[PDB]
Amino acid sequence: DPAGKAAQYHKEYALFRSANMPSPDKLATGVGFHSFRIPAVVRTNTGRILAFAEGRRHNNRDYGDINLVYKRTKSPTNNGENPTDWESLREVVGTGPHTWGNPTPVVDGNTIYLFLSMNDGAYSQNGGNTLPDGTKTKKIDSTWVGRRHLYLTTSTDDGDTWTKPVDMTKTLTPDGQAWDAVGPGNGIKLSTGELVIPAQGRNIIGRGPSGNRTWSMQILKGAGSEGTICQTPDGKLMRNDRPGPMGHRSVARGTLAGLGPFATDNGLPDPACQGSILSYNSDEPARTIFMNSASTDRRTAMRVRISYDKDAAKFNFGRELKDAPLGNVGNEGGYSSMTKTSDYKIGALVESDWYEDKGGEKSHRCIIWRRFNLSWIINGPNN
């Protein structure tokens, strides 16, 4: 890989700063957030970078009052290089005491589509969880009020503003389903122009002229809840999903006509956590980038890898992110999202956990923004 001859570049700093950190991220209304989790990042066709997250208002839990927040780079050309290159925190949607989350964006010409999940504020995945008013949640169920919804919002002004989210659950989530997830992380635009958004048990396929899409479900057998999608260099689709049990990623391949079986990929250990994947380039040699925690049991083993295979069958060892660690962000590791930047870097959002209450709800979570070039990956000491 000729990119391995270039000087290695990496830079890293916190982008979503939890309430306990200096200069914590707050909305202009003064609403702050205990934790930020569940990153998503895209480069728009202007070069601007849009970074999304869940702003978890009172604690780090997945339920309760959670708003879908974002930042953009201040210009289309600054590539997110420095902290001051990013705008202040904004909100896509925060209505009610509800959970709004699972940001799953895809760029489509001059429109950015953002899928997201939602649940009523009185419900959680497991039920019985304590809320700030002293009540306990109900368990997410198959009722309209109690089941996870799927929403879509759009921007046609480079992320500056977002349309009121539209509930797509009735057409883009299977009937009878209770829990659900879209992404989180990103969707893609295929070489043939369709949009593909990964979701629990299914892909969501957008067809139509750029910026005027209509969506349908591609139901999958054996897919995970938190999936990634990526058109590999051979032109095929690949789902690379978070497994149910800890162990390894679960991967399937196919086309818009259907995917083959999901199988455990023993080359990609995973602790049952979200991962991210990115088609980096089409020219020679074509590359797919993958990021996750490369450990069957912990989220603190973040690793970024390259595959040169046309089907992304094999990834290299790659680079452990801890080689370029940050010391004032807690313990890095968790969900991630990657984009290419205009200046030939990979930009990655990565969760980090201050862990002050260990795994309890009071531990503050923040999100790191990393940029690095291919050479940094290729030249890793164990690669």
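One-based numbering along the sequence shown.
Q: State which stretch shows the higher mean Cα B factor in the entry: 228 to 236 or 262 to 270.
A: Between 228 to 236 and 262 to 270, it is 262 to 270.
Q: Look over 344 to 352 and 326 to 334 in the entry and identify the one with the greater average Cα temperature factor.
A: Comparing averages over the C-alpha atoms only gives 326 to 334.
Q: Check the PDB entry and point out which of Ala286, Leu172, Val182, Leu114 has the largest C-alpha temperature factor.
A: Reading the PDB entry, the winner on C-alpha B-factor is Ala286.
Q: Please work out which residue in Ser142, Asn102, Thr214, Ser276 has the highest C-alpha B-factor recorded for this crystal structure.
A: Out of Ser142, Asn102, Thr214, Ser276, the record gives the largest C-alpha B-factor to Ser142.
Q: Which third of the chain holds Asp357 when residues are ordered by C-alpha B factor: lowest, middle or highest?
A: Ranked within chain, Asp357 CA B lands in the highest tercile.
Q: Check where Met21 lands among this chain's C-alpha B-factors and tell me if it's the lowest, middle or highest third.
A: Middle third, going by the recorded CA B-factors of the chain.
Q: What third of the chain, by the recorded C-alpha B-factor, contains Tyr280?
A: Highest third.
Q: Of the three thirds of its chain by CA temperature factor, lowest, middle or highest, which one includes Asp85?
A: Answer is middle: the recorded C-alpha B-factor places it there.
Q: What third of the chain does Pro198 rank in for C-alpha temperature factor, lowest, middle or highest?
A: It falls in the bottom third of the chain.
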